[PDB]
Ligand SMILES: [Zn+2]
Ligand SMILES: [Zn+2]
Ligand SMILES: [Zn+2]
Ligand SMILES: [Zn+2]
Ligand SMILES: [Zn+2]
Ligand SMILES: [Zn+2]
Ligand SMILES: [Zn+2]
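Chains as they are written, first to last, in PDB author numbering: chain A, 2970 to 3113, 3141 to 3190; chain B, 1530 to 1582, 1590 to 1610, 1663 to 1669, 1676 to 1687, 1690 to 1708, 1713 to 1729, 1797 to 1828, 1835 to 2267, 2289 to 2426, 2473 to 2491, 2502 to 2530, 2537 to 2593, 2620 to 2670, 2677 to 2706; chain C, 1 to 137.
Structure follows, in structure tokens:
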């Protein structure tokens, strides 16, 4: 059963390019299904670990860290909503790395969080987050997951800019916390400008 | 001799019970012979033909039932050193931190600048740091089989006595209709005394009042005083009534509609907050899509009121029809299947507003070439576009498609397309068709156009929604029971009872006597609703289908009389249930498948502590003071304890919890228990201490501004009970009998391929939600293997046949197949995969085909319902089946379902996949 | 123990009873003990709908009104004789009666005179507001 769920997740990520302008709200169920499948991609099993790493690589290819379209990142877009969905999925993944009631699950959860943080840093995602943050700050100057589902029952992205800001306040913060917990992965370097 | 034969048969069965207790084949053999004899008679094909065009048939049914029965019998803050807590169990009142309370003192007595003492402890305590059966199975069972076989033609005929609904609708559209007068459609049940509603008679007077009187007398305007505000989606069954004072009263109908069987009880209509309108109210119109919206129209004014759940006006929108000189608002129409589209109809024009966009500028602005507007109805074509239909004073019916070309963006649009209707009664004279036009109404459920003329000529017609041509025309002739009234009265106020297809209401334009019409595929049953006495002239009528105490969707008609009395009529289910029969209804089995609390709260202020048992001894201020003062307390010598009433005077705050301090004065005088929200909490304290009580989300809503706290008696021998402090916290047929008997008998005898084939035929054969249940009971490792094989083999055969003939699988048939497959995907997914083996792909393909035919809007949907009754449930089931296969293309199907623009499809799919992971 | 001396219960006839004295503000010289009151005792002259004034003994006063210093047996909770509402002070009662019962001319017994020691317990007035303004303000 575990192996068949894993291959199902694999085929899902393989057709995943199709998910782009479909709409994050219509795809909430799809990414939530991905999560449910991952809730089993744990253990010290390295086949599952590599499946998780391939999922992370797909998410990075989706993420525009390389793209310098910071303006298009500020402008709410299908791509921006898909990036927000990817960030929420990563947060749900690293949010269950606690040791509470974990029968060797803490060992797996810790490994998962460490791998996620390492992959995100290897793509210079922290720099891209800093860029989108300066862009939203300029926007403010011009003006002058299922938890969201509970809070915002309407299930409408509503203030995407706020969600985007809040989501980066979370992803890199989790990155720093994980790079401190796992000494092997170095914490992001922040200069005076940061 | 059919009469008496069943009573004698029951005496025979009781004597069989005698011999059953002690005897040998007492009645078993004779009963077999009786079955044989009943088969012999029915075998008379002359009697079969007579039944097709009964005592012996009833005898056979009774014998079969008896035989069936016979066969049945056979970390801690200390880590860092805040919200601290006392643990009474550990005798720490010294305190524990929030974490330690939930970790080291988990399941202990706990009460909401400090350093956790739990962690301060270096002990390591802190973790947060018989013969009859032989004869029946010998040759009796085959006997029964051959009996049902040679009788099968007659059995199929008796069974005949979505597809059916479509056929019935087709017949409705093609077959000539007989007009019959009846008094049995609506039966009087309850009535109120004269004056139940004061001031309902609108005494029009003055310049504007005289104008209104003239218009009503000229039959140009009619007053609609009552409106029901109960959308199918909503559950707030309510009645809005306008009064002479121009005040709108909202009543609660739920109490009235439940007292339907009350023999001698006064009509009960709970009054809610009224509705303010600065004008004489002439018409009330509720939004069928949203039960909170009410359009209120005067002569020149149109107001849209929004009602809260309590019946009070939450919002008030004022429209500007910009009437022409001398023009007036005839009525307001909520476009079908819309919540913002509101049409204002005048004698000169029709303006349609989208209230979500703009209340000032109309989206559509229609004008006629000549004559005046007498009525306007809206239909939705197969495309789904609204097509306005306008009845003129000259008697012409104008039609126009509502598109960008006819939009008000370029100014007023002149409607020139006239619906051509040719009838002997319809002879236009002096440019007046049958004396001119009166009313027009389109029933989306029946897909028929109703319209009437001034000379009493009324018609029902079938119209092509693409070409807007009349296909078939049916005259509705009303014959006055009173002699001398040869002239037919004109009909107006045409309407259909929501969720009761075929039941149409209208009123004579001149007489004003309500008419109820039951439309069947070959007959119009018409009932004139009379008054006893006639002195109570009927002012307005409202019909509503409500859930009765027996959960029966009874159709109740409410009449408002001029004298202020209410009269209630109930639909006779026998004469009005044709379209509601399970044979025509889309019955679906898929339906069956379908401690830190106080940290985030703030102590309330100005809460009124006013327990009546304390009010007699202490004043309101004293109670508050004593409950909020140390060394001060409240006492009560009343045996059994007392009740404290707490009133929240802060409308912005909700009570979410309470704390009580007891035992400060004397432990023996502390209450033994308390009761709040029906929960009893025992107060086992040995020292003065606080007791924490949070209110559940539901209880928080219950304790919004009022809370009753019952205090139990203390163990004090003097009977004295004391409370030291209370703190409130908050936040901002014959056929039926026959089939039953036969199938029960067959199932008992079976307790197999031929038996399954017989049940399969019975399953395919038609049934009014009866033979099916019977075939269900007939059907109820080797066993599961056979059973699963037979059901799945049939499912595969049904899907293949439908794919080859290129025919969409019957929704109900499809849903049955899905449920059957699902059940197996859970019981034995291995059997599901093996027997079916393409199958998943076929199911999903048919799902999408049926989903694509699903009706866009329920109100617009006709009597026959295409698509699927429960897509969500269906989607859930499909996901279980797909998952069952994967445990033993499917991923692409899952992705397609998740992406479906239709939200529920993916959201339910979401839930199904969570369950499969769980 | 302090007892309601010279006060017999009109329902059970137990004179000089203890506990909370209940006096009818409608029936002339009608009194109930705590038990009879709680049981809803009725007579030909008295019904449960009649507003009643609770009167305490001194001992009870010290118990019920314990922890807060008050005048010896000082009644501070008054019942409206018209509608039966409770927990009123000589002031709030006056305000209530003037506001809600200004047009009522039914004869009633003054709860303040009845409860206050030395005040005429069986005092009868058609206009209760008159006492609330001239005798008990
Ligand atoms: Zn602690
Ligand atoms: Zn403890
Ligand atoms: Zn602790
Ligand atoms: Zn007594
Ligand atoms: Zn009395
Ligand atoms: Zn009063
Ligand atoms: Zn007085």
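Where a beta carbon is used, it is the ideal one built from N, C-alpha and C, also for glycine.
- Between residue 2376 of chain B and residue 2367 of chain B, the beta carbon gap of about 5 Å places them in contact (Cβ cut-off 8 Å).
- DSSP places residue 2329 of chain B within a strand segment (E or B) once states are collapsed to three.
- In this structure, residue 97 of chain C has its CB closer than 7 Å to one or more heavy atoms of ligand 6.
- Comparing alpha carbon positions, the residue from B/2213, B/2043, B/2249 and B/1981 closest to residue 2228 of chain B is B/2249.
- Contact of residue 2999 of chain A with chain B by beta-carbon distance below 8 Å involves 2683, 2686, 2687 and 2694.
- Contacts with chain B (Cβ-Cβ distance below 9 Å) from the stretch 2986–2997 of chain A involve 2987, 2988, 2991, 2992, 2994, 2995, 2996 and 2997, listed in chain order.
- With contacts defined as CB atoms closer than 8 Å, residue 2993 of chain A and residue 3034 of chain A fail to qualify as a contacting pair.
- Counting along the chain, the unbroken beta strand (DSSP E) around residue 2199 of chain B starts and ends at 2196–2201.
- The residue from B/1956, B/2047 and B/1938 with its alpha-carbon nearest to that of residue 1920 of chain B is B/1956.
- In this model, residue 3073 of chain A and residue 2586 of chain B are separated by some 33 Å (Cα to Cα).
- When C-alpha distances from residue 2189 of chain B are compared across B/1947, B/2170 and B/2206, the shortest belongs to B/2170.
- Residue 3147 of chain A sits in a helix when the DSSP states are folded into three classes.
- Contact of residue 2316 of chain B with chain C by beta-carbon distance below 7 Å involves 76.
- If you ignore the 5 residues before and after residue 2091 of chain B, its C-beta comes within less than 8 Å of the C-beta of 2069, 2070, 2071 and 2072, all in its own chain and listed in chain order.
- Each residue's CA atom was taken as its position, placing residue 1703 of chain B and residue 1727 of chain B some 14 Å apart.
- By the Cβ neighbour-count rule, residue 2177 of chain B is buried, with 16 or more other Cβ atoms within 10 Å of its own.
- Residue burial annotation: residue 2622 of chain B is buried, with at least 16 other C-beta atoms found within 10 angstroms of its C-beta.
- Residue state for residue 2692 of chain B is assigned as helix, using DSSP reduced to three classes.
- The C-beta of residue 1693 of chain B comes no closer than 8 Å to any C-beta of chain A.
- Taking C-alpha positions only, residue 3098 of chain A is separated from residue 2990 of chain A by approximately 22 Å.
- In this structure, DSSP gives residue 2220 of chain B an extended state, which the three-state scheme calls strand.
- Its chain contains 1877, 1894, 1953, 1955 and 1972 as the residues whose beta carbon lies nearer than 8 Å to that of residue 1885 of chain B, once the 5 sequence neighbours on both sides are disregarded; these appear in chain order.
- For residue 3095 of chain A, the closest C-alpha among the options A/3179, A/3076, A/3040 and A/3029 is that of A/3029.
- For ligand 1, the residues with a Cβ under 6 Å from any of its heavy atoms are, in chain order, B/1664, B/1665, B/1666, B/1692, B/1693, B/1695, B/1696, B/1716, B/1718, B/1719 and B/1728.
- When Cβ-Cβ separations below 8 Å define contact, residue 2980 of chain A makes contact with chain B.
- One finds 2310 and 2311 in chain B with Cβ atoms closer than 7 Å to the Cβ of residue 54 of chain C, taken in chain order.
- Non-local beta-carbon contacts of residue 2044 of chain B in its own chain, meaning distances under 6 Å to residues more than five positions away in sequence, involve 2065, 2066 and 2067 in chain order.
- Look at residue 26 of chain C: its beta carbon is less than 7 Å from one of the heavy atoms in ligand 5.
- In this structure, residue 1681 of chain B has its beta carbon less than 7 Å from a heavy atom of ligand 2.
- Taking 8 Å as the threshold, the shortest C-beta distance from residue 2332 of chain B to chain C falls below it.
- The C-beta of residue 2342 of chain B has 16 or more other C-beta atoms within 10 Å across all chains shown, which makes the residue buried.
- Residue pairing by DSSP places residue 3067 of chain A opposite no residue, since no beta bridge is assigned to it.
- Contact between residue 2049 of chain B and residue 2020 of chain B is absent: CB atoms are separated by about 11 Å, not below the 8 Å threshold.
- Contact between residue 1607 of chain B and residue 2489 of chain B holds: their C-beta atoms lie close to 6 Å from each other, under 8 Å.
- With the criterion set as a beta carbon lying under 9 Å from some beta carbon of chain B, the members of the stretch 75–105 of chain C are 76, 77, 78, 79, 85, 86, 87, 88, 89 and 92, in sequence order.
- With a threshold of 8 Å between beta carbons, residue 2679 of chain B makes contact with chain A.
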